[PDB]
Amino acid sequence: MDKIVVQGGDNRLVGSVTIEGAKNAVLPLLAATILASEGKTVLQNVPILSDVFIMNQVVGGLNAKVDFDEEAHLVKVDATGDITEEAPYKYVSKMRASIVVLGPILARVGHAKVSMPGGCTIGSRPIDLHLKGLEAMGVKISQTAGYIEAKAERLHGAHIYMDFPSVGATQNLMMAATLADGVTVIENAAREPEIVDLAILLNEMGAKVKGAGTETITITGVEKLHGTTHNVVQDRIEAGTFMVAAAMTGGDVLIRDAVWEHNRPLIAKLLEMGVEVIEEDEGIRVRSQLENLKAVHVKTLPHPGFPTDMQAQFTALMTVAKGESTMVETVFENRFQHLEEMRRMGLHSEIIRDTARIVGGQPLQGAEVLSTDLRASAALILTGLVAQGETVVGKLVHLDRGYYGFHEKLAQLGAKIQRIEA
C-alpha cells in the first residue's frame, strides 16, 4: 500500500495545526448511540479514520442506522428500531475495541453475542474486568464457539471494585449501567478524558452518570435514553504528537484549541526536558531550542499519569535530548516494537522487559521501516524528520487507524514529507 517518505534533517516545524476529534472518544461515543431508543444522536468533530468506519459497521450491524457525513465530520445515528444482539468476528477480529458495544447492547436488548477478542501484538489484553463487572450486574456469561454470549434477566446495579482502571471495562460498565435497574458504583474507575467525554454524552442523553474523571463513578439507571448532539473532544494524543514533533525539530508550533488539562504529564515532561510550552488564547504553543533538551525519566501510568499512547512518540524525542533517557511502559507488555525498527536507522537502545534506555544524540540515518501499530507508526515518522537521509515508512494501515492527514499537517509546518502510492 502507500508509503510515507521523509527527507531527514532540517525539518524545523513552524506554524499552526488543527487537531481532529479523538478517535478513542468517538469509538465509545458511537457505542453509546445504541442506548437511545428515542430521537437521534449526532456526533460532531468525527475524524475520518479506519477505526471509525469499523465502529460504524458494528453499530450498523445492530440495526441502528448510522450516517457518516465525512466532509461535515458528522455521524448521525437512529437507534429507535429494534436493536439486535451481534458484534461479529469479522469486525472484532480487526479491532478489539469493538467489544465496547457489549455494555450498551445489554442495556438496550438484555442479551448480547460479542466475538471474543483474540491476540494483539502490543500485549496480553484480557477482558476479565469487563466480564466480572457485568456478572455483578446480573449478566450470565457463557463462551460459545468463539462468542461471548451474555444474557441479563434483570440488568441491575452493583458495587464493582476494579483491580485495574481499565478504560474499556469502565466504558462498558458505565454504558450498561445507564439502563440498569439500580445504582452502579465503579471503584478504581478509568479517569481518562475520554471517560469524561462519554459521561457528558450519556448525561445529555438523559442518563445519571456522576464522578467521571475521579476514581469512583456512580450511575443511577433510568428507563430510557434519548438522542442529543455532541461535539467530540479534541484528540489529545494527536495534539501531544505535534507537541513532540515541535520539540524534536527545534520548532515553534501552535496546537489549536489544545486542552492543557488533557496533556498535563506530557507537558510536565516536555517542560522538565527544557522545552517551552505556553498556553495562549488560540491554543498551546510549543517552542524548542534543540541544544537545551535534556534526558528524562518517564513511566507510563493510567490517567492522570503519563499516557501509554504518547510513549512511542516520546521515545523518538528521547533520541534527540542530551543524556540517557529512560522509558518505563507499565500499561502494555509489548509496546517497544518501534525501537526494533529504529535499530534500522542506527538507534541503539537497551530494553530490560518494561524499561527502555535511550542515550540521546546518536547519529541516525534514514531507512526503510515498517509500522507495527498505530502510535509506533507516528514515532517512526517523527524519527524520520531528524534522521539524516531518506526514511520510508510502510504498513500505513496502522497509521490510518488514528491519524488523519499526518503527512499533510507536517508538510504544512515545513517538513519534507510526502505520502506516495507504492
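Position 1 is the first residue in the sequence shown; the rest follow in order.
In this entry, 153-161 has the higher mean Cα B-factor, the comparison being between 310-318 and 153-161. In this crystal structure, the stretch out of 377-385 and 349-357 whose C-alpha atoms carry the higher mean B factor is 349-357. In the deposited coordinates, the residue among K76, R96, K208, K269 with the greatest CA B-factor is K76. Of the candidates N263, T80, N172, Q289, the one whose C-alpha carries the top B factor in the deposited record is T80. Sorting the modelled residues of the chain by their CA temperature factor places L413 in the middle third. Among the modelled residues of its chain, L370 has a C-alpha B-factor that falls in the highest third according to the deposited record.
Sort the chain's modelled residues by C-alpha temperature factor and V397 lands in the middle third, per the entry. Sort the modelled residues of the chain by CA B factor and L30 lands in the lowest third. Per-chain ranking of the deposited C-alpha B factor places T228 in the middle third.
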